[PDB]
Amino acid sequence: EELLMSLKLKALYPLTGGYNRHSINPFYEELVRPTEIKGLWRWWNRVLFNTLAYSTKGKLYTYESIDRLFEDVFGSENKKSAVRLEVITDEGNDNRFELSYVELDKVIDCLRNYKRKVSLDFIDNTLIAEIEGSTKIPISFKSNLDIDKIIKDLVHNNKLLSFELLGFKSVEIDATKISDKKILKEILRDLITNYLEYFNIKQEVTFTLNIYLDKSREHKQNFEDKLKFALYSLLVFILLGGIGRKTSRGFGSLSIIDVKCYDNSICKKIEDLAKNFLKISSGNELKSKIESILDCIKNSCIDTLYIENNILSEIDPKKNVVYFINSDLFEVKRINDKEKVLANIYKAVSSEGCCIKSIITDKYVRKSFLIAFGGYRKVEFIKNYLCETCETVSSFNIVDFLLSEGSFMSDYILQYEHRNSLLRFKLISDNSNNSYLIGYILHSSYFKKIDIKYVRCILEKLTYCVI
Amino acid sequence: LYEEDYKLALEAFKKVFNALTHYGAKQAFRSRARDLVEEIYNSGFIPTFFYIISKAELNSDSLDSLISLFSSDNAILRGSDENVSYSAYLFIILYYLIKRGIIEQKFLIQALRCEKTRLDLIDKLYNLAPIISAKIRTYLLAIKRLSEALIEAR
Amino acid sequence: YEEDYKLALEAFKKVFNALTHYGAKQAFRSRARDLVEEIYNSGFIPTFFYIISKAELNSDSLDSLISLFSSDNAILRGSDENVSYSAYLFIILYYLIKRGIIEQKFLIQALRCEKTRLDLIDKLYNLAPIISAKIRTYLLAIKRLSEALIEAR
Amino acid sequence: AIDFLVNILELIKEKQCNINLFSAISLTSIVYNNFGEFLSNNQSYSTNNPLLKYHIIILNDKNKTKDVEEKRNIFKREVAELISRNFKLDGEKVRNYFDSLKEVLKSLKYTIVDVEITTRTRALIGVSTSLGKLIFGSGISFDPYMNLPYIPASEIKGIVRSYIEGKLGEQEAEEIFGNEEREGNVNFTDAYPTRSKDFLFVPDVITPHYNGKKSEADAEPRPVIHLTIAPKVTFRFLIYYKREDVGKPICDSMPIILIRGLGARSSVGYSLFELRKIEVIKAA
Amino acid sequence: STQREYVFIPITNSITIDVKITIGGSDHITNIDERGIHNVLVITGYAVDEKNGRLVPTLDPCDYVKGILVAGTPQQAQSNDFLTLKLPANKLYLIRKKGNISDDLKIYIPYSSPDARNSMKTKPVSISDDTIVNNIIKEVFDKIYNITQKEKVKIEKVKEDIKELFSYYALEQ
Amino acid sequence: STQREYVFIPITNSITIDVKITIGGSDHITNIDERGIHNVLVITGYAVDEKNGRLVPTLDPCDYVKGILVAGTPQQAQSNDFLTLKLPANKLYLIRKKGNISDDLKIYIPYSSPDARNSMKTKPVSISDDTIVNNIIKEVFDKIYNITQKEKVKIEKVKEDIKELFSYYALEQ
Amino acid sequence: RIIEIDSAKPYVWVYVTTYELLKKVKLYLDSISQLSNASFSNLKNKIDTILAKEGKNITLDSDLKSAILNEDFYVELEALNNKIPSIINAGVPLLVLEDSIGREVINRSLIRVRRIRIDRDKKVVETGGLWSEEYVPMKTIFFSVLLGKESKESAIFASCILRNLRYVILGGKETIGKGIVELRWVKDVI
Amino acid sequence: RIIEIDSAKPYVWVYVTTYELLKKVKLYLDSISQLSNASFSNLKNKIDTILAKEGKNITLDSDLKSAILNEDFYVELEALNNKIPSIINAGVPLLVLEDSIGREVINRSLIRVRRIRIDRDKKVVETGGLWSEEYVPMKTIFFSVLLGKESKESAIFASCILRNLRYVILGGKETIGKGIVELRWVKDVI
RNA sequence: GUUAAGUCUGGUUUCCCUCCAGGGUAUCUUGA
């Protein structure tokens with residue numbers, strides 16, 4: 001075993017989460033989970049592979065088949081991972097969340113004998129335990145967690161951060177029956193702890209990812225080509241995605257700071273392609289830098305001699321959904337101010353967003369576009385635009401989505417909570433306040449055929465408009 | 001008449017094996033057979049028994065099917081491929097507790113389906129802990145052999 | 001009479017041939033060396049379950065046995081131990097057939113059903129006290145044969 | 001009795017190193033797996049038992065089942081945090097055990113190598129072991145009589161031998177650790193925690209989305225709240241032998257393998273240690 | 001005591017004219033007794049330069065070099081670039097010890113200046129590809145020992161052990 | 001495959017003339033392992049003519065021929081008309097197997113036409129009277145072989161194997 | 001391992017024995033006092049002091065009125081008067097259960113450690129490379145006797161060897177830190 | 001070993017015998033009752049009361065009404081005609097089974113033990129040193145008779161030696177503590 | 001420009017023993 005390479009990355013307003021689904025908890029502090037990094041690396045590898053093997057074959061493979069293929073480098077239940085991650089953070093020491101005193105007696109004493117909803121709200125670094133029972137008590141807490149006003153108004157201005165804050169800020173308490181001043185202290189302490197730990201949003205988290213290779217699987221069947229494609233995918237992950245949650249809305253966007261390597265034979269090209277992103281200086285050269293790698297992986301010196309292997313398996317477009325990169329639905333921009341940009345992306349991804357009412361300029365159409373592009377969307381007509389082969393106005397036709405007949409895509413697109421957004425944003429910067437936004441759209445498999453020109457128009461309009 | 005542990009295992013595994021229509025259910029049941037017998041030693045019959053009842057995710061159509069399996073010859077366990085395996089292993093253990101006469105059948109089918117009786121079932125189990133734990137591990141070892149013989153791997 | 005010391009030679013010849021890879025031979029040696037004591041101490045139904053659990057019966061490898069019954073160029077197929085246990089299962093079933101304890105027709109139509117296999121096992125369970133006494137010298141013969149004809153791994 | 005059951009969590013938080021953690025968790029699991037039962041029929045819950053909290057908290061009023069199934073996950077996380085903050089490490093008994101055993105082995109003419117190692121990253125050992133398996137589905141290698149997690153001696157020896165045979169050849173490895181036809185020349189003991197910084201057990205989570213999934217169409221997070229071992233926990237264990245030769249490859253291998261993994265999930269950097277101290281007491 | 005020379009064995013071959021005594025004194029400590037190489041020695045924390053084979057101190061404890069500890073003294077055109085030690089034979093880190101040792105030695109290791117002009121990036125270099133081990137016997141055992149093809153018919157044994165026992169870390173720079 | 005001249009082990013002195021290449025290539029099949037002569041071949045149903053030993057084939061399983069299967073050519077001159085074969089090297093019944101089976105061998109054998117002059121009745125020849133045995137060692141085991149009577153501190157211990165491993169049959173004409 | 005409420009001292013594990021085990025010890029002692037000139041009127045006294053209480057779970061060295069042994073067996077105990085001398089000579093209580101309960105409580109009180117065997121090139125588990133092993137907990141006490149027939153070497157043995165003997169290695173698994181054992185002689189330290 | 005069912009009296013082991021052994025004892029007692037002036041009416045009447053109930057499994061001391069012996073065999077006992085006194089006196093029940101069942105029950109009771117032999121220096125098994133080995137459990141009772149012909153030395157024997165014989169050592173494996181046994185004369189133990 | 005609400009998911013899958021030792025040495029017409 002030895003090192004393969006060692007990157008030095010930098011997250012940006014990341015929203016990682018542990019069991020607490022917070023970045024911090026009473027026991028430790030974890031800004032960057034290496035398990036999330038490995039999982040996102042595998043995900044981006046399976047996206048890059050269906051990009052490659054579709055641009056050059058028209059074919060698409062199931063995720064499990066791609067994983068059986070890359071098991072040699074990413075491991076499976078039958079083989080240990082050949083690559084070993086190691087995430088090292090500057091100041092990665094004991095930083096648990098210590099809530100010292102909260103002094104919440106009064107709110108308890110006039111909460112008794114009343115089943116009463118209880119919320120929380122930071123009002124100028126003072127949280128107000130807004131009882132629903134027409135009562136607001138200012139809580140006087142103190143913790144080791146120093147929530148800057150900047151983070152407070154980041155959460156407050158962003159309509160997404162202030163949305164997922166609904167699950168942490170409230171608790172309903174039924175003290176009608178007999179109830180104690182001791183258990184209620186603890187209930188309120190837990191609510192306060194959740195709401196507080198939510199606000200551990202450090203900006204510009206800087207860590208140092210390492211990769212190790214075992215030196216035991218070298219050139220077994222196609223190991224070196226697989227490893228090279230995997231490293232390509234790691235670079236693509238660093239350039240196109242982030243870590244943490246809400247990465248498809250800018251948060252956690254990774255940026256390269258310095259890439260070093262120690263086994264040139266496998267890593268020289270990847271280190272060069274990375275070093276390309278230590279010097280970005282124009283918003284119009286970043287597009288070309290993206291495309292260079294995006295199209296070289298498919299059409300360069302060493303690309304593929306292993307797609308012919310019989311482990312892979314095609315997809316069943318009536319039951320399988322698989323993503324891949326279009327390499328053309330991309331629009332890079334420049335921001336120079338990241339907080340307000342992150343707060344803006346809500347205006348461009350909501351059905352009533354000012355930035356969408358002025359680009360699609362239509363009900364029944366904004367809805368359908370966001371449903372197709374934009375992940376899951378609650379609903380309780382529109383299908384006339386997503387029906388597979390039907391009267392066409394805006395070409396958002398879905399491979400199997402029938403016009404009001406029971407099917408799979410009849411609900412997966414409509415009733416399935418966990419659906420990633422194809423419309424993905426990112427804030428990539430290069431060590432000089434260069435600070436370019438990237439917005440792209442992954443090409444999914446459930447699309448019949450998309451008007452790439454019209455969708456590109458929408459994309460660039462949202463990209464200028466979000467700034 | 002008194003059927004020994006291996007005869008009882010045959011008679012139970014025959015009812016189960018013919019109720020898991022889906023083959024994935026069969027293989028999951030096999031993987032339960034192979035490890036719950038050791039979990040029961042390491043943790044105890046009572047903790048593991050209620051762990052099985054929880055993993056079975058009962059209180060559905062997955063309960064009257066179970067109570068019919070005691071006498072249907074057609075009862076079909078349904079549910080997720082992991083729920084049916086645990087429900088089948090639960091039927092295994094209940095079949096033992098009932099045939100050995102350690103606990104009444106109707107008392108078990110009552111303590112399963114709602115909550116007030118589940119607690120006195122806990123108490124009853126703690127009373128009969130030596131009566132049960134003395135000899136159930138041989139019956140479950142028999143079930144383990146039958147399973148990892150009559151079923152293929154996943 | 002000592003015709004069990006001859007039936008043993010028949011069945012051992014059939015196995016010895018069918019274990020085409022010498023590792024299976026060296027393993028079946030140890031199986032024959034152990035399972036006779038196990039049947040003496042624990043009884044027949046425990047050891048029979050312990051044998052069928054490790055033989056890994058399936059329509060593929062159970063056909064490699066039904067063919068081995070009548071044919072002479074069958075080859076027991078599987079892992080080393082996986083077949084060192086099915087060879088011993090063949091030994092047992094061969095004795096039970098050539099002694100008319102169970103009917104060969106009732107066995108072959110049960111080594112295939114995947115359903116009446118449980119019924120074969122139950123039928124065997126009914127006869128356990130008889131078999132436990134009948135097969136003793138047969139299995140001791142098989143043990144001696146294996147110790148002699150096969151060299152230690 | 002069920003009386004012992006209802007009163008178990010206060011026992012946990014009021015004994016905290018003197019309750020048997022194995023039995024404690026095994027009994028807590030009966031409450032955990034029968035949640036909607038212990039939360040009914042005007043139970044004999046005191047005004048301090050950690051369970052009537054869920055009679056107050058109302059997570060769903062439309063459904064009686066979903067309320068209970070949400071309270072159950074809340075309770076699982078609460079039990080993880082309870083075990084984590086209450087059950088801490090008192091390592092005087094382990095120091096006594098190891099020094100007494102060291103004297104014993106000096107009385108047997110062995111060369112001893114006392115080795116202290118410190119956890120850097122949240123470690124897992126014996127994830128398929130049974131401690132919390134009835135609650136978390138993921139255990140920890142625990143010793144129910146020393147009442148402490150440990151690293152099995154077999155595991156340390158196997159890791160060390162894999163290294164030695166990686167660098168010195170599978171024949172010198174067999175010369176040191178013996179083979180199926182000879183005995184080994186090195187003996188290892190389990191590693192017990194001697195001193196922590198603040199915690200012993202810490203909660204964690206693993207949420208597979210696309211493990212064994214075919215497409216984005218069946219992806220769904222499945223979070224697994226389990227327990228791990230805190231960072232900065234120190235384990236010590238002895239390594240004794242007779243012929244001092246086998247002491248040369250144990251000298252160099254030990255500080256080299258610990259910086260790699262020593263437990264589970266090490267390919268995502270979890271079971272990482274560091275050689276806090278080493279010491280040989282030659283007795284030829 | 002007696003002088004002892006450490007013939008490193010990487011895949012390269014730069015060991016032809018280095019020693020004043022080739023066959024040694026009465027005997028080497030490394031043996032060839034139809035069971036492969038015996039008493040082969042390990043050196044940890046140093047790496048060998050594939051060109052001008054020399055042990056360089058690279059403080060990483062994972063770095064190791066295995067070679068042969070022969071009898072001799074290096075040609076007396078040397079001792080400005082070597083390390084020289086008297087070790088009591090318990091400090092040695094041997095492999096397959098098939099005898100007894102003088103219990104106080106005089107070891108000669110081919111040393112190198114640590115080259116503080118470029119960093120020291122090492123890389124594990126195993127041994128395989130028979131054409132590289134075909135000549136190891138033709139270079140460092142027919143001159144170092146005479147047993148080569150007078151009673152040796154088990155050449156395949158020492159070949160396989162060289163192919164598996166000897167590994168090392170080299171600076172590759 | 002590779003060539004094999006099987007010598008016959010007589011009590012006579014004529015075996016020096018079957019081949020000039022007494023070594024072969026890089027390998028001697030019948031070894032000297034200090035435990036005796038290994039990789040020995042014996043063939044059934046045959047015999048050896050007492051005059052210029054050549055295997056008169058018969059139909060007798062009890063008969064055999066106990067000899068040394070030398071790796072190499074019959075100098076391309078002899079055994080150009082005799083019993084010669086190519087075998088998968090497994091049907092080559094080697095006794096006291098102590099090596100690698102070359103997986104195929106092309107063997108040359110001293111063969112004599114069935115000797116149709118008389119009804120050939122066998123006669124068991126049991127080597128003793130170590131003058132033949134102090135002779136065979138110098139005739140071939142230093143001329144055919146290359147690893148004996150040079151390093152051999154034990155000259156008669158490897159010479160005493162012939163007593164209890166090569167007792168062939170004859171016809172005594 | 002034990003769980004109990006309402007005990008002053010908290011115990012993580014307790015010593016456990018049953019009545020048939022004490023009867024076997026009494027049989028050994030009663031049988032060797034007849035076959036030799038060596039009677040042990042102290043062990044016998046303590047053991048019969050205990051055995052008089054047969055048919056009910058008791059406790060010697062602490063005050064537990066009930067517990068849950070091995071997280072499966074609820075037992076209700078009764079304390080024995082502190083006139084009982086020290087048997088184990090330690091600070092841990094010693095339950096003596098009725099045999100039909102102590103049977104389970106003891107045979108479920110051994111540690112089963114599931115081990116594996118790792119494949120080299122895959123670094124994963126070999127197939128058929130998984131098994132369990134029962135160890136017996138630390139500080140377990142086994143009673144035995146070392147009898148010796150009349151001779152002169154027997155005298156030198158019982159006066160020179162059996163004294164300077166204290167620590168032996170029993171069992172297998174000697175190389176994973178198992179098997180170390182201390183022999184305390186009743187004659188010496190009862 | 002017994003696993004009682006439908007019996008509130010928990011025993012962990014009983015005494016098992018068959019009618020085919022009681023009949024041989026009856027033979028031994030009919031014969032030497034004629035070859036001597038010493039008739040044994042008490043024991044003979046006990047055995048006759050028992051053998052009167054042949055064809056049924058019976059339990060003498062306790063009331064079990066059902067049981068499972070050696071964890072395999074289910075028997076349905078029947079108490080003996082209003083508590084016929086016990087032959088031996090140990091408070092443990094004695095079961096007299098039909099002969100077919102008793103055969104395999106008694107076979108299960110025997111103790112088979114694999115032993116090994118280990119090379120002294122290498123701590124590894126000696127190739128060849130592995131064998132099984134069968135004992136009869138402790139607490140087993142055999143029946144015999146010691147007969148003597150008229151003489152003075154015979155009287156001195158039967159009045160001075162046989163009265164001080166309690167513990168002898170039978171069998172082999174005397175170094176493994178096997179074979180320590182206790183003679184209990186029928187005249188005085190009954 | 002504002003009001004309010006979060007919802008869904010809550011561990012699965014493999015491996016359950018493999019190899020050697022299966023007994024060795026000693027004891028074997030007397031009267032009619």
# chains A, B, ... in the order shown; residues from 1 in each chain; ligands from 1
$ interface_residues --of "chain H" --to "chain B" --cutoff "8 Å" --atoms "only C-alpha atoms" --output "PyMOL selection string"
chain H and resi 71-74
$ residues_around --residues "residue F:92" --least-positions-apart "4" --cutoff "12 Å" --atoms "only C-alpha atoms (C1' of nucleotides)" --output "number ranges by chain"
F: 4, 6, 39-44, 69, 85-88, 97, 101-107
$ interface_residues --of "chain G" --to "chain D" --cutoff "8 Å" --atoms "only C-alpha atoms" --output "PyMOL selection string"
chain G and resi 1-5+10-13+70-71+74+114+137-138+167+174-178
$ interface_residues --of "chain I" --to "chain A" --cutoff "10 Å" --atoms "only C-alpha atoms (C1' of nucleotides)" --output "VMD selection string"
chain I and resid 5 to 9 13 to 14
$ write_last_selection --atoms "N, CA and C atoms (P, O5', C5', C4', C3', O3' and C1' of nucleotides)" --output "PDB file, in the first residue's frame"
ATOM      1  P     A I   5     -48.427  27.179  11.310  1.00  0.00           P
ATOM      2  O5'   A I   5     -48.264  25.864  10.430  1.00  0.00           O
ATOM      3  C5'   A I   5     -47.003  25.231  10.281  1.00  0.00           C
ATOM      4  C4'   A I   5     -47.006  24.299   9.098  1.00  0.00           C
ATOM      5  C3'   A I   5     -45.749  23.477   8.897  1.00  0.00           C
ATOM      6  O3'   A I   5     -45.716  22.325   9.722  1.00  0.00           O
ATOM      7  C1'   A I   5     -46.368  24.463   6.851  1.00  0.00           C
ATOM      8  P     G I   6     -44.795  22.295  11.039  1.00  0.00           P
ATOM      9  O5'   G I   6     -43.766  21.114  10.767  1.00  0.00           O
ATOM     10  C5'   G I   6     -42.791  21.224   9.746  1.00  0.00           C
ATOM     11  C4'   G I   6     -43.341  20.775   8.417  1.00  0.00           C
ATOM     12  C3'   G I   6     -43.196  19.300   8.092  1.00  0.00           C
ATOM     13  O3'   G I   6     -44.232  18.524   8.665  1.00  0.00           O
ATOM     14  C1'   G I   6     -42.512  20.604   6.240  1.00  0.00           C
ATOM     15  P     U I   7     -43.989  16.985   9.042  1.00  0.00           P
ATOM     16  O5'   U I   7     -43.893  16.255   7.634  1.00  0.00           O
ATOM     17  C5'   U I   7     -45.035  16.132   6.802  1.00  0.00           C
ATOM     18  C4'   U I   7     -44.672  15.523   5.473  1.00  0.00           C
ATOM     19  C3'   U I   7     -43.950  14.189   5.530  1.00  0.00           C
ATOM     20  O3'   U I   7     -44.833  13.098   5.701  1.00  0.00           O
ATOM     21  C1'   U I   7     -42.848  15.623   4.015  1.00  0.00           C
ATOM     22  P     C I   8     -44.308  11.738   6.362  1.00  0.00           P
ATOM     23  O5'   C I   8     -43.263  11.172   5.304  1.00  0.00           O
ATOM     24  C5'   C I   8     -43.684  10.679   4.043  1.00  0.00           C
ATOM     25  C4'   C I   8     -42.510  10.200   3.235  1.00  0.00           C
ATOM     26  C3'   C I   8     -41.598   9.206   3.927  1.00  0.00           C
ATOM     27  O3'   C I   8     -42.099   7.887   3.877  1.00  0.00           O
ATOM     28  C1'   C I   8     -40.302  10.876   2.871  1.00  0.00           C
ATOM     29  P     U I   9     -41.814   6.877   5.084  1.00  0.00           P
ATOM     30  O5'   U I   9     -40.282   6.507   4.909  1.00  0.00           O
ATOM     31  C5'   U I   9     -39.826   5.867   3.731  1.00  0.00           C
ATOM     32  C4'   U I   9     -38.328   5.735   3.724  1.00  0.00           C
ATOM     33  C3'   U I   9     -37.706   5.153   4.975  1.00  0.00           C
ATOM     34  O3'   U I   9     -37.808   3.745   5.020  1.00  0.00           O
ATOM     35  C1'   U I   9     -36.455   7.024   4.249  1.00  0.00           C
ATOM     36  P     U I  13     -30.768  -9.602   4.202  1.00  0.00           P
ATOM     37  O5'   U I  13     -30.090 -10.204   2.896  1.00  0.00           O
ATOM     38  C5'   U I  13     -29.824  -9.389   1.768  1.00  0.00           C
ATOM     39  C4'   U I  13     -28.467  -9.677   1.189  1.00  0.00           C
ATOM     40  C3'   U I  13     -27.723 -10.838   1.800  1.00  0.00           C
ATOM     41  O3'   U I  13     -28.199 -12.089   1.358  1.00  0.00           O
ATOM     42  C1'   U I  13     -26.247  -9.036   1.499  1.00  0.00           C
ATOM     43  P     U I  14     -27.481 -13.419   1.873  1.00  0.00           P
ATOM     44  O5'   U I  14     -26.199 -13.532   0.944  1.00  0.00           O
ATOM     45  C5'   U I  14     -25.378 -14.674   1.015  1.00  0.00           C
ATOM     46  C4'   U I  14     -23.924 -14.344   0.848  1.00  0.00           C
ATOM     47  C3'   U I  14     -23.001 -15.145   1.733  1.00  0.00           C
ATOM     48  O3'   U I  14     -22.804 -16.446   1.238  1.00  0.00           O
ATOM     49  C1'   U I  14     -22.333 -12.882   1.726  1.00  0.00           C
TER      50        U I  14
END
$ atom_distance --atom1 "atom CA of residue C:55" --atom2 "atom CA of residue B:150"
10.3 Å
$ interface_residues --of "chain B" --to "chain D" --cutoff "8 Å" --atoms "only C-alpha atoms" --output "ChimeraX atom specification"
/B:39,42-43,46-48,50-51,53-54,115-116,118-119,122-123,126
$ write_last_selection --atoms "N, CA and C atoms" --output "short mmCIF file (atom, residue, chain, number, x, y, z; two decimals), in the first residue's frame"
data_model
loop_
_atom_site.label_atom_id
_atom_site.label_comp_id
_atom_site.auth_asym_id
_atom_site.auth_seq_id
_atom_site.Cartn_x
_atom_site.Cartn_y
_atom_site.Cartn_z
N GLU B 39 -27.44 -15.53 17.58
CA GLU B 39 -27.90 -14.32 18.24
C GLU B 39 -28.68 -14.64 19.50
N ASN B 42 -26.23 -15.32 22.23
CA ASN B 42 -25.43 -14.18 22.65
C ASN B 42 -26.26 -13.14 23.38
N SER B 43 -27.54 -13.03 23.07
CA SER B 43 -28.38 -12.00 23.65
C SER B 43 -29.49 -12.52 24.54
N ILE B 46 -35.39 -13.89 25.02
CA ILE B 46 -36.44 -12.88 25.13
C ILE B 46 -36.08 -11.64 24.31
N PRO B 47 -34.89 -11.06 24.49
CA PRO B 47 -34.52 -9.93 23.62
C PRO B 47 -34.63 -10.27 22.15
N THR B 48 -34.04 -11.39 21.74
CA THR B 48 -34.05 -11.77 20.34
C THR B 48 -35.45 -12.11 19.86
N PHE B 50 -38.31 -10.69 20.82
CA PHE B 50 -39.02 -9.46 20.49
C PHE B 50 -38.35 -8.69 19.37
N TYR B 51 -37.04 -8.86 19.20
CA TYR B 51 -36.36 -8.30 18.04
C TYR B 51 -36.88 -8.93 16.75
N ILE B 53 -39.93 -10.21 16.45
CA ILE B 53 -41.29 -9.70 16.27
C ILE B 53 -41.27 -8.30 15.70
N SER B 54 -40.26 -7.50 16.03
CA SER B 54 -40.20 -6.15 15.49
C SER B 54 -39.74 -6.16 14.04
N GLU B 115 -51.53 -4.72 22.17
CA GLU B 115 -50.43 -4.25 23.00
C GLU B 115 -50.58 -4.62 24.46
N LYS B 116 -51.80 -4.58 24.99
CA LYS B 116 -51.98 -4.81 26.42
C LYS B 116 -51.47 -6.19 26.82
N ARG B 118 -49.02 -7.85 25.14
CA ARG B 118 -47.61 -8.03 24.85
C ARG B 118 -46.76 -7.92 26.11
N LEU B 119 -47.17 -7.08 27.06
CA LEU B 119 -46.38 -6.91 28.27
C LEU B 119 -46.49 -8.11 29.18
N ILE B 122 -44.32 -10.63 27.84
CA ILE B 122 -42.95 -10.44 28.32
C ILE B 122 -42.78 -11.10 29.69
N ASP B 123 -43.72 -10.85 30.59
CA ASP B 123 -43.64 -11.43 31.93
C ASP B 123 -43.68 -12.95 31.88
N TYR B 126 -40.42 -14.31 30.81
CA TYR B 126 -39.43 -14.29 31.87
C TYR B 126 -39.70 -15.37 32.90
#
$ residues_around --residues "residue H:60" --least-positions-apart "6" --cutoff "9 Å" --atoms "only C-alpha atoms (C1' of nucleotides)" --output "PyMOL selection string"
chain H and resi 50+78-80+83-86+93-96
$ residues_around --residues "stretch 163-171 of chain E" --least-positions-apart "5" --cutoff "6 Å" --atoms "only C-alpha atoms (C1' of nucleotides)" --output "ChimeraX atom specification"
/D:169 /E:47-49,63-66,121-128
$ calpha_fit_rmsd --fixed "chain H" --moving "chain G"
1.1 Å
$ select_by_dssp --residues "chain C" --states "alpha helix (DSSP H)" --output "PyMOL selection string"
chain C and resi 4-18+22-42+44-55+59-70+80-98+104-108+116-126+128-134+136-149
$ residues_around --residues "stretch 154-160 of chain A" --least-positions-apart "5" --cutoff "12 Å" --atoms "only C-alpha atoms (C1' of nucleotides)" --output "MDAnalysis selection string"
(chainID A and resid 13 15 121:125 147:149 165:166 195 198:203 245:246 248:251 338:350 353) or (chainID I and resid 6)
$ residues_around --residues "residue A:376" --least-positions-apart "5" --cutoff "9 Å" --atoms "only C-alpha atoms (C1' of nucleotides)" --output "PyMOL selection string"
chain A and resi 370-371+413-421
$ interface_residues --of "chain C" --to "chain B" --cutoff "7 Å" --atoms "only C-alpha atoms" --output "mmCIF file with N, CA and C atoms, in the first residue's frame"
data_model
loop_
_atom_site.group_PDB
_atom_site.id
_atom_site.type_symbol
_atom_site.label_atom_id
_atom_site.label_comp_id
_atom_site.auth_asym_id
_atom_site.auth_seq_id
_atom_site.Cartn_x
_atom_site.Cartn_y
_atom_site.Cartn_z
ATOM 1 N N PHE C 49 -28.621 -34.661 8.936
ATOM 2 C CA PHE C 49 -28.859 -33.242 8.712
ATOM 3 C C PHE C 49 -27.550 -32.504 8.520
ATOM 4 N N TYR C 50 -26.549 -32.821 9.333
ATOM 5 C CA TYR C 50 -25.261 -32.165 9.188
ATOM 6 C C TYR C 50 -24.592 -32.503 7.870
ATOM 7 N N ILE C 52 -26.482 -33.314 4.866
ATOM 8 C CA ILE C 52 -27.241 -32.665 3.807
ATOM 9 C C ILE C 52 -27.109 -31.155 3.866
ATOM 10 N N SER C 53 -26.752 -30.591 5.018
ATOM 11 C CA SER C 53 -26.591 -29.149 5.090
ATOM 12 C C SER C 53 -25.314 -28.696 4.409
ATOM 13 N N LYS C 54 -24.289 -29.537 4.392
ATOM 14 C CA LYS C 54 -23.026 -29.169 3.778
ATOM 15 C C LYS C 54 -22.826 -29.798 2.413
ATOM 16 N N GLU C 56 -24.863 -29.314 -0.033
ATOM 17 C CA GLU C 56 -25.364 -28.297 -0.954
ATOM 18 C C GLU C 56 -26.116 -28.940 -2.117
ATOM 19 N N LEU C 57 -27.211 -29.605 -1.769
ATOM 20 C CA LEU C 57 -28.074 -30.205 -2.773
ATOM 21 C C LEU C 57 -28.669 -29.139 -3.680
#
$ interface_residues --of "chain C" --to "chain I" --cutoff "12 Å" --atoms "only C-alpha atoms (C1' of nucleotides)" --output "VMD selection string"
chain C and resid 23 26 to 27 29 to 38 53 to 54 79 to 82 140 143 to 144 146 to 147 152 to 153
$ residues_around --residues "residue F:20" --least-positions-apart "4" --cutoff "12 Å" --atoms "only C-alpha atoms (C1' of nucleotides)" --output "list in words"
residues 5, 15, 16, 24, 72, 73, 74, 75, 76, 77, 78, 140, 143 and 144 of chain F
$ interface_residues --of "chain G" --to "chain A" --cutoff "9 Å" --atoms "only C-alpha atoms" --output "NGL selection string"
:G and (121-125)
$ atom_distance --atom1 "atom CA of residue F:138" --atom2 "atom CA of residue F:25"
21.2 Å
